[PDB]
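Data file: protein.txt. Format and content: compact mmCIF, C-alpha atoms.
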```
# COMPACT_ATOMS: atom_id res chain seq x y z
CA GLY J 1 198.52 62.58 134.41
CA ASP J 2 197.68 63.53 130.81
CA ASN J 3 197.43 59.94 129.56
CA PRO J 4 195.66 57.84 132.18
CA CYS J 5 194.90 55.06 129.70
CA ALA J 6 198.58 54.85 128.99
CA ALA J 7 199.26 53.85 132.60
CA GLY J 8 196.84 50.93 132.63
CA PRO J 9 195.11 49.74 135.81
CA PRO J 10 196.00 50.29 139.50
CA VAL J 11 198.37 47.54 140.51
CA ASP J 12 197.10 45.55 143.48
CA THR J 13 193.48 46.47 143.14
CA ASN J 14 190.90 43.70 143.22
CA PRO J 15 187.58 44.67 141.60
CA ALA J 16 185.72 42.34 143.98
CA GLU J 17 187.33 44.27 146.87
CA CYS J 18 186.39 47.50 145.12
CA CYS J 19 183.00 46.14 144.50
CA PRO J 20 181.52 43.30 146.60
CA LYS J 21 179.36 41.78 143.83
CA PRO J 22 176.76 39.10 144.91
CA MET J 23 176.11 35.50 143.87
CA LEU J 24 173.43 35.19 141.22
CA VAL J 25 174.40 31.52 141.28
CA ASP J 26 175.89 29.95 144.43
CA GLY J 27 179.56 30.73 144.83
CA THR J 28 180.57 27.14 145.60
CA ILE J 29 178.93 25.77 142.41
CA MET J 30 181.20 27.91 140.20
CA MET J 31 184.34 27.03 142.20
CA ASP J 32 183.37 23.48 141.47
CA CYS J 33 182.37 24.36 137.91
CA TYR J 34 185.57 26.21 137.22
CA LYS J 35 187.83 23.53 138.68
CA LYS J 36 186.02 21.04 136.49
CA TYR J 37 186.00 23.01 133.25
CA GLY J 38 188.52 25.80 133.82
CA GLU J 39 191.44 24.27 131.91
CA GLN J 40 189.40 23.66 128.70
CA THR J 41 187.71 27.07 128.61
CA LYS J 42 191.10 28.73 128.88
CA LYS J 43 192.15 26.86 125.75
CA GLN J 44 188.90 27.50 123.92
CA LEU J 45 189.44 31.19 124.72
CA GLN J 46 192.46 31.30 122.46
CA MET J 47 190.80 29.55 119.56
CA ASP J 48 189.70 31.38 116.43
CA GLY J 49 186.54 31.10 114.42
CA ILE J 50 183.14 30.52 115.87
CA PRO J 51 183.22 30.99 119.67
CA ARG J 52 182.86 27.77 121.71
CA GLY J 53 180.28 27.46 124.49
CA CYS J 54 181.54 28.16 127.99
CA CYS J 55 181.36 24.87 129.89
CA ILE J 56 181.63 26.35 133.29
CA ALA J 57 178.44 28.22 132.37
CA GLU J 58 176.43 25.24 131.12
CA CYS J 59 177.66 23.14 134.09
CA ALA J 60 176.39 25.83 136.47
CA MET J 61 172.99 26.19 134.82
CA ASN J 62 172.56 22.45 134.71
CA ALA J 63 173.22 22.25 138.42
CA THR J 64 170.53 24.82 139.14
CA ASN J 65 168.26 22.90 136.80
CA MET J 66 167.75 25.94 134.59
CA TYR J 67 169.07 24.46 131.36
CA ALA J 68 167.15 21.84 129.42
CA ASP J 69 166.97 20.80 125.72
CA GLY J 70 169.33 23.54 124.44
CA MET J 71 167.20 25.92 126.49
CA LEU J 72 167.93 28.19 129.40
CA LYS J 73 164.78 29.02 131.34
CA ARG J 74 164.86 32.83 131.08
CA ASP J 75 161.55 32.95 132.89
CA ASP J 76 162.74 30.73 135.71
CA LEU J 77 166.27 32.15 135.59
CA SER J 78 165.07 35.70 136.26
CA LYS J 79 163.29 34.81 139.47
CA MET J 80 166.24 32.68 140.44
CA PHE J 81 168.18 35.92 140.13
CA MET J 82 165.49 38.00 141.80
CA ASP J 83 165.71 35.70 144.86
CA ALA J 84 169.44 36.25 145.44
CA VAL J 85 168.96 39.94 145.99
CA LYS J 86 166.00 39.51 148.26
CA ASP J 87 168.69 40.20 150.90
CA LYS J 88 170.48 43.18 149.28
CA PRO J 89 167.99 45.80 147.99
CA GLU J 90 170.59 48.06 146.41
CA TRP J 91 171.19 45.27 143.91
CA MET J 92 167.52 44.52 143.27
CA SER J 93 167.28 47.55 141.09
CA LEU J 94 170.25 46.63 138.88
CA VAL J 95 169.62 42.89 138.41
CA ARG J 96 166.12 43.39 137.15
CA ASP J 97 167.41 45.80 134.55
CA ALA J 98 170.50 43.84 133.59
CA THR J 99 168.48 40.67 132.95
CA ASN J 100 166.48 41.79 129.90
CA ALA J 101 169.52 43.61 128.64
CA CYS J 102 171.54 40.43 128.76
CA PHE J 103 168.76 38.37 127.28
CA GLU J 104 167.67 40.71 124.53
CA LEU J 105 171.31 41.50 123.82
CA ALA J 106 171.86 37.72 123.59
CA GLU J 107 169.02 37.78 121.02
CA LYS J 108 171.24 39.71 118.65
CA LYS J 109 173.90 37.01 118.43
CA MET J 110 171.41 34.17 118.21
CA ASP J 111 172.63 33.11 114.79
CA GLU J 112 176.27 33.08 115.96
CA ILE J 113 175.34 31.25 119.19
CA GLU J 114 173.24 28.84 117.13
CA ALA J 115 176.39 28.19 115.13
CA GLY J 116 178.44 27.91 118.28
CA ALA J 117 176.09 25.28 119.65
CA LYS J 118 176.41 22.80 116.78
CA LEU J 119 180.21 22.29 116.85
CA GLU J 120 182.34 19.17 117.36
CA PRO J 121 185.18 18.71 119.90
CA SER J 122 188.38 20.36 118.81
CA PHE J 123 190.43 17.58 120.38
CA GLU J 124 190.18 14.64 122.76
CA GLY J 125 187.91 15.30 125.71
CA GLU J 126 186.55 18.66 124.62
CA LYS J 127 182.99 19.09 125.78
CA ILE J 128 180.84 21.12 123.43
CA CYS J 129 178.44 23.13 125.62
CA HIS J 130 175.69 25.45 124.52
CA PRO J 131 177.11 29.01 124.52
CA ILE J 132 173.83 30.54 125.62
CA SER J 133 174.65 30.06 129.31
CA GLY J 134 178.05 31.70 128.99
CA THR J 135 176.46 34.59 127.17
CA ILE J 136 174.08 35.24 129.98
CA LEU J 137 176.40 34.36 132.80
CA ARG J 138 179.25 36.50 131.48
CA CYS J 139 176.88 39.24 130.40
CA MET J 140 175.29 39.45 133.85
CA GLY J 141 178.72 39.52 135.46
CA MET J 142 180.18 42.25 133.32
CA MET J 143 176.96 44.20 133.85
CA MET J 144 177.35 44.21 137.62
CA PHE J 145 180.84 45.72 137.58
CA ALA J 146 179.64 48.39 135.15
CA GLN J 147 176.91 49.92 137.30
CA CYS J 148 178.14 49.06 140.84
CA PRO J 149 175.80 50.41 143.51
CA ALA J 150 177.12 53.68 144.87
CA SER J 151 175.99 52.26 148.16
CA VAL J 152 178.14 49.08 147.88
CA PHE J 153 181.25 50.33 146.07
CA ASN J 154 184.32 50.30 148.25
CA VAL J 155 185.82 53.75 148.12
CA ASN J 156 189.54 54.45 148.48
CA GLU J 157 192.48 56.08 146.65
CA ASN J 158 192.90 52.82 144.73
CA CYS J 159 189.29 51.91 144.02
CA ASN J 160 188.77 55.46 142.97
CA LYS J 161 191.58 55.25 140.52
CA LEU J 162 190.07 51.95 139.48
CA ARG J 163 186.56 53.24 138.92
CA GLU J 164 188.13 56.28 137.20
CA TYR J 165 190.18 54.15 134.83
CA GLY J 166 187.41 51.85 133.72
CA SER J 167 184.85 54.66 133.59
CA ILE J 168 186.66 57.21 131.52
CA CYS J 169 189.32 55.37 129.53
CA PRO J 170 187.33 52.96 127.31
CA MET J 171 186.15 55.96 125.32
CA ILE J 172 189.63 57.45 125.65
CA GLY S 1 195.36 28.17 140.48
CA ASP S 2 191.80 27.42 141.63
CA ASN S 3 190.83 31.08 142.27
CA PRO S 4 192.21 33.21 139.45
CA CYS S 5 189.82 36.06 140.32
CA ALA S 6 191.39 36.08 143.75
CA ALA S 7 194.80 36.90 142.29
CA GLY S 8 193.33 39.73 140.23
CA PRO S 9 194.74 40.91 136.91
CA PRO S 10 198.38 41.15 135.94
CA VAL S 11 199.55 44.66 136.94
CA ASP S 12 201.54 45.95 133.96
CA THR S 13 199.15 44.86 131.21
CA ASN S 14 197.40 47.43 129.11
CA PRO S 15 194.06 46.32 127.70
CA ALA S 16 194.87 48.62 124.75
CA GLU S 17 198.31 47.02 124.42
CA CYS S 18 196.61 43.66 124.34
CA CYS S 19 194.08 45.22 122.06
CA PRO S 20 195.02 48.28 119.96
CA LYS S 21 191.43 49.42 119.83
CA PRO S 22 190.63 51.89 117.05
CA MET S 23 189.99 55.59 117.61
CA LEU S 24 186.39 56.11 116.43
CA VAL S 25 186.81 59.69 117.56
CA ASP S 26 190.24 61.24 117.00
CA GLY S 27 192.64 60.12 119.70
CA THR S 28 193.85 63.69 120.11
CA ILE S 29 190.31 65.18 120.47
CA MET S 30 189.79 63.03 123.54
CA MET S 31 193.07 64.30 124.99
CA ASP S 32 191.77 67.81 124.75
CA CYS S 33 188.28 66.99 125.93
CA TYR S 34 189.71 64.94 128.76
CA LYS S 35 192.22 67.64 129.61
CA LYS S 36 189.43 70.23 129.69
CA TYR S 37 186.71 68.42 131.65
CA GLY S 38 188.79 65.68 133.26
CA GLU S 39 188.83 66.91 136.84
CA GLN S 40 185.12 67.59 136.70
CA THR S 41 184.15 64.17 135.38
CA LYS S 42 186.29 62.46 138.05
CA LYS S 43 184.26 64.27 140.71
CA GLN S 44 180.91 63.24 139.23
CA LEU S 45 181.87 59.57 139.49
CA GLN S 46 181.91 60.03 143.21
CA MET S 47 178.65 61.93 143.30
CA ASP S 48 175.34 60.38 144.31
CA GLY S 49 171.78 60.77 143.12
CA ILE S 50 170.87 60.99 139.48
CA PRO S 51 173.86 60.14 137.26
CA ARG S 52 175.62 63.22 135.85
CA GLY S 53 176.26 63.48 132.12
CA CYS S 54 179.71 62.90 130.72
CA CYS S 55 180.91 66.21 129.29
CA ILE S 56 183.98 64.86 127.66
CA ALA S 57 181.68 62.79 125.51
CA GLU S 58 179.34 65.66 124.97
CA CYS S 59 182.28 67.91 124.14
CA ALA S 60 183.54 65.32 121.66
CA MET S 61 180.07 64.81 120.28
CA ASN S 62 179.89 68.55 119.86
CA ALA S 63 183.22 69.01 118.09
CA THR S 64 182.49 66.36 115.51
CA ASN S 65 179.17 68.17 114.98
CA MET S 66 177.22 65.23 116.34
CA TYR S 67 175.58 66.75 119.40
CA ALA S 68 172.83 69.37 119.06
CA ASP S 69 169.69 70.42 121.00
CA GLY S 70 170.12 67.71 123.66
CA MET S 71 170.01 65.22 120.78
CA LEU S 72 172.75 63.00 119.40
CA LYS S 73 172.56 62.48 115.63
CA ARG S 74 172.18 58.72 115.49
CA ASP S 75 172.37 58.53 111.67
CA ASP S 76 175.52 60.64 111.34
CA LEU S 77 177.19 58.99 114.30
CA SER S 78 176.46 55.64 112.70
CA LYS S 79 178.09 56.86 109.57
CA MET S 80 180.98 58.48 111.42
CA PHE S 81 181.81 55.16 113.01
CA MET S 82 182.23 53.28 109.73
CA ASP S 83 184.64 55.96 108.51
CA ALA S 84 187.06 55.17 111.33
CA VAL S 85 187.16 51.46 110.61
CA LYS S 86 186.75 51.59 106.88
CA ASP S 87 190.48 50.81 107.04
CA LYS S 88 189.94 47.85 109.37
CA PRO S 89 187.28 45.42 108.07
CA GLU S 90 187.97 43.18 111.05
CA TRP S 91 186.42 45.95 113.17
CA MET S 92 183.49 46.81 110.84
CA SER S 93 181.44 43.83 111.85
CA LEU S 94 181.93 44.71 115.48
CA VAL S 95 181.45 48.48 115.03
CA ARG S 96 178.07 48.13 113.34
CA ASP S 97 176.64 45.93 116.04
CA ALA S 98 178.18 47.88 118.89
CA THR S 99 176.54 50.92 117.35
CA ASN S 100 173.05 49.43 117.58
CA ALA S 101 173.63 47.82 120.97
CA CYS S 102 174.86 51.06 122.49
CA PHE S 103 171.94 52.95 121.08
CA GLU S 104 169.31 50.41 122.06
CA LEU S 105 170.78 49.97 125.51
CA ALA S 106 170.46 53.75 125.79
CA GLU S 107 166.81 53.29 124.79
CA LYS S 108 166.32 51.36 128.02
CA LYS S 109 167.55 53.99 130.46
CA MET S 110 165.93 57.01 128.82
CA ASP S 111 163.83 58.18 131.73
CA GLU S 112 167.02 57.94 133.84
CA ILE S 113 168.98 59.73 131.08
CA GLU S 114 166.34 62.47 130.93
CA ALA S 115 166.67 63.26 134.63
CA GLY S 116 170.40 63.74 134.31
CA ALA S 117 169.91 66.49 131.74
CA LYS S 118 167.74 68.56 134.07
CA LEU S 119 170.11 68.63 137.07
CA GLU S 120 171.47 71.77 138.66
CA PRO S 121 175.16 72.52 139.16
CA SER S 122 176.32 71.21 142.53
CA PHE S 123 178.30 74.40 143.05
CA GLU S 124 180.05 77.29 141.30
CA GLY S 125 181.34 76.45 137.81
CA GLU S 126 179.88 73.01 137.06
CA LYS S 127 179.07 72.49 133.37
CA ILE S 128 176.08 70.17 132.99
CA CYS S 129 176.11 67.79 129.96
CA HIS S 130 173.57 65.50 128.39
CA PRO S 131 174.40 61.96 129.55
CA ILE S 132 173.54 60.44 126.19
CA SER S 133 176.98 61.19 124.69
CA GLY S 134 178.87 59.56 127.53
CA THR S 135 176.41 56.74 127.57
CA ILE S 136 176.87 55.65 124.00
CA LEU S 137 180.60 56.10 123.95
CA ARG S 138 181.35 54.30 127.24
CA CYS S 139 179.20 51.46 125.96
CA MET S 140 181.10 51.60 122.65
CA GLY S 141 184.47 51.76 124.35
CA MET S 142 184.06 48.71 126.53
CA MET S 143 182.57 46.64 123.70
CA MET S 144 185.68 46.51 121.57
CA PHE S 145 187.85 45.46 124.43
CA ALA S 146 185.11 42.91 124.98
CA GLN S 147 184.98 41.61 121.43
CA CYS S 148 188.61 42.24 120.47
CA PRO S 149 189.12 40.32 117.21
CA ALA S 150 191.19 37.15 117.73
CA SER S 151 192.99 38.42 114.67
CA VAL S 152 193.86 41.77 116.37
CA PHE S 153 194.55 40.64 119.90
CA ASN S 154 198.21 40.30 120.89
CA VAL S 155 198.91 36.78 122.02
CA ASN S 156 201.31 36.49 124.96
CA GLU S 157 201.33 35.19 128.58
CA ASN S 158 199.89 38.41 129.88
CA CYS S 159 197.36 39.17 127.23
CA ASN S 160 196.27 35.61 127.43
CA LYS S 161 195.81 35.47 131.19
CA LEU S 162 194.23 38.88 130.89
CA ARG S 163 191.68 37.62 128.41
CA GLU S 164 191.32 34.49 130.53
CA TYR S 165 190.61 36.77 133.48
CA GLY S 166 188.02 38.99 131.85
CA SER S 167 186.07 36.14 130.23
CA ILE S 168 185.82 33.88 133.22
CA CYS S 169 186.12 36.07 136.33
CA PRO S 170 183.02 38.25 135.81
CA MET S 171 180.86 35.13 136.10
CA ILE S 172 182.68 34.14 139.27
```
Go through the file and emit its structure as structure tokens.
Amino acid sequence: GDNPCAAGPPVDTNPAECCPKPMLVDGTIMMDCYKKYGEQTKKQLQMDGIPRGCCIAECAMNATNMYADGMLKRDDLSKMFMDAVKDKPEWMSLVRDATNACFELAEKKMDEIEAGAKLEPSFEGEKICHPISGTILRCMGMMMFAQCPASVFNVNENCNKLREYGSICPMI
Amino acid sequence: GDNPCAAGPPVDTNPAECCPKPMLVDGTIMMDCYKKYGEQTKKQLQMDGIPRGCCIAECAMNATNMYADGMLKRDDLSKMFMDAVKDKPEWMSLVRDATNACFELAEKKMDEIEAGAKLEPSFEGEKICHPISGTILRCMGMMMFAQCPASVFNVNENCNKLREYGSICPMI
């Protein structure tokens, strides 16, 4: 009632069911990528200090031949993204916008990412990946929840409470 | 296991319990502003067309003498934000950046923001707000969840899976 942000989220609500977000990179690559590098990233998530590069993310960008020499091909990556939504126009609008946001926003933490990229394995079999991918690939993902197309959003008592929670509460 | 983003989040996990995010605007002001314009804002989420301005935010930006003539006082707001977290240096780093991100992201969607300010009330008794207030503060609100200091975050099974969820699932 009075305190919605006390309550927390709606219980059995899946944001992908509330919002059918598209593949900017093929869904089966990430399943593969996660299963490969999921266990490590979940550790690295709980580490302090300089943030460690997300290996799922570099593994995915490698596969699509977008990453090379510490470099993600922004130029090539965009169109790669533009092509996914050739089939869903309501998303075309968002993705274009989100791209330069993610990239130019990534430009702010260049010095921290540059630091993140130089690190050595925290234990046996830790793969040190360049964090740039995971910036962009997380950034893009978070971005697509945030401005879900009014045309694609799944509306219901739950998903409404869900959109309502996430929309109002962060500032509350 | 393999698909964590299938399972969804844990149900009884508060993102603010996992991260006791600071009040940059008095926690009780938002209660009032929410209590006043809450029903109205929850409608506008479901409305189409040009995005409608968040009034809670505008009301809060008013009360703290930050909103005036359709213009948010960037300088004073900047300064107001430090004053909240002067007592939490672990947040200062974050707060400064989030300030400039939120503003500069708002710089991107200006022509879209401008349209929202010109709209006409959809019926009897709609109060129309400038979307800038709700823009910056929603941006601001999500950011500190997003960059919750490893020093501030509560470590436990839930809060850890939760973090694990939010970092990895958006990109899947």
Identify every residue of chain S that has at least one atom within 7 Å of any atom of chain J, counting only C-alpha atoms, and report the result as an MDAnalysis selection string.
-> chainID S and resid 2 8 11:14 30 35 42 48 137:138 141:142 150 164 167 170:172
Find the distance between CA of residue 119 (chain S) and CA of residue 96 (chain J) and write it in Å to one decimal.
-> 25.6 Å
Output, as AutoDock Vina command-line options, the centre and edge lengths in Å (one decimal) of the axis-aligned box that contains all listed atoms of region 117-126 of chain J with 8 Å of margin on each side.
```
--center_x 183.3 --center_y 20.0 --center_z 121.2 --size_x 30.3 --size_y 26.6 --size_z 24.9
```
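Around residue 69 (chain S), within 12 Å and counting only C-alpha atoms, the residues found are residues 58, 61, 62, 65, 66, 67, 71, 72, 73, 117, 129, 130 and 132 of chain S, once anything fewer than 2 positions away on its own chain is removed.
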Selected residues written out with C-alpha atoms, as an mmCIF file, keeping the file's coordinate frame:
```
data_model
loop_
_atom_site.group_PDB
_atom_site.id
_atom_site.type_symbol
_atom_site.label_atom_id
_atom_site.label_comp_id
_atom_site.auth_asym_id
_atom_site.auth_seq_id
_atom_site.Cartn_x
_atom_site.Cartn_y
_atom_site.Cartn_z
ATOM 1 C CA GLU S 58 179.340 65.660 124.970
ATOM 2 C CA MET S 61 180.070 64.810 120.280
ATOM 3 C CA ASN S 62 179.890 68.550 119.860
ATOM 4 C CA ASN S 65 179.170 68.170 114.980
ATOM 5 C CA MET S 66 177.220 65.230 116.340
ATOM 6 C CA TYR S 67 175.580 66.750 119.400
ATOM 7 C CA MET S 71 170.010 65.220 120.780
ATOM 8 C CA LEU S 72 172.750 63.000 119.400
ATOM 9 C CA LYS S 73 172.560 62.480 115.630
ATOM 10 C CA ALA S 117 169.910 66.490 131.740
ATOM 11 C CA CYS S 129 176.110 67.790 129.960
ATOM 12 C CA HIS S 130 173.570 65.500 128.390
ATOM 13 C CA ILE S 132 173.540 60.440 126.190
#
```
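CA of residue 36 (chain J) sits 14.8 Å away from CA of residue 53 (chain J).
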Please, which residues are within 10 Å of (177.3, 32.1, 116.2) by the file's coordinates, counting all atoms listed in the file, and could they come as a ChimeraX atom specification?
-> /J:49-53,109-118,131
Give me a file of those residues, with C-alpha atoms, as a PDB file, in the coordinates of the input.
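Generated file (again-v8.pdb):
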```pdb
ATOM      1  CA  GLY J  49     186.540  31.100 114.420  1.00  0.00           C
ATOM      2  CA  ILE J  50     183.140  30.520 115.870  1.00  0.00           C
ATOM      3  CA  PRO J  51     183.220  30.990 119.670  1.00  0.00           C
ATOM      4  CA  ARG J  52     182.860  27.770 121.710  1.00  0.00           C
ATOM      5  CA  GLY J  53     180.280  27.460 124.490  1.00  0.00           C
ATOM      6  CA  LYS J 109     173.900  37.010 118.430  1.00  0.00           C
ATOM      7  CA  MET J 110     171.410  34.170 118.210  1.00  0.00           C
ATOM      8  CA  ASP J 111     172.630  33.110 114.790  1.00  0.00           C
ATOM      9  CA  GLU J 112     176.270  33.080 115.960  1.00  0.00           C
ATOM     10  CA  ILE J 113     175.340  31.250 119.190  1.00  0.00           C
ATOM     11  CA  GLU J 114     173.240  28.840 117.130  1.00  0.00           C
ATOM     12  CA  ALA J 115     176.390  28.190 115.130  1.00  0.00           C
ATOM     13  CA  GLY J 116     178.440  27.910 118.280  1.00  0.00           C
ATOM     14  CA  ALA J 117     176.090  25.280 119.650  1.00  0.00           C
ATOM     15  CA  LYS J 118     176.410  22.800 116.780  1.00  0.00           C
ATOM     16  CA  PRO J 131     177.110  29.010 124.520  1.00  0.00           C
TER      17      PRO J 131
END
```
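With only C-alpha atoms taken into account, the protein and nucleic acid residues at most 9 Å from residue 74 (chain J) (excluding it and anything under 5 positions from it in its own chain) are residues 66, 79, 99 and 103 of chain J.
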Selection from above, C-alpha atoms, as a compact mmCIF listing (two decimals), keeping the file's coordinate frame, can you write it?
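Saved as part_12.txt:
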```
# COMPACT_ATOMS: atom_id res chain seq x y z
CA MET J 66 167.75 25.94 134.59
CA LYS J 79 163.29 34.81 139.47
CA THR J 99 168.48 40.67 132.95
CA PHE J 103 168.76 38.37 127.28
```
How many Å separate CA of residue 94 (chain S) from CA of residue 19 (chain S)?
->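 Computed distance, CA of residue 94 (chain S) to CA of residue 19 (chain S), equals 13.8 Å.
The closest residue to residue 149 (chain S), picked from S:68, S:60, S:125, S:18 and counting all atoms listed in the file, is S:18.
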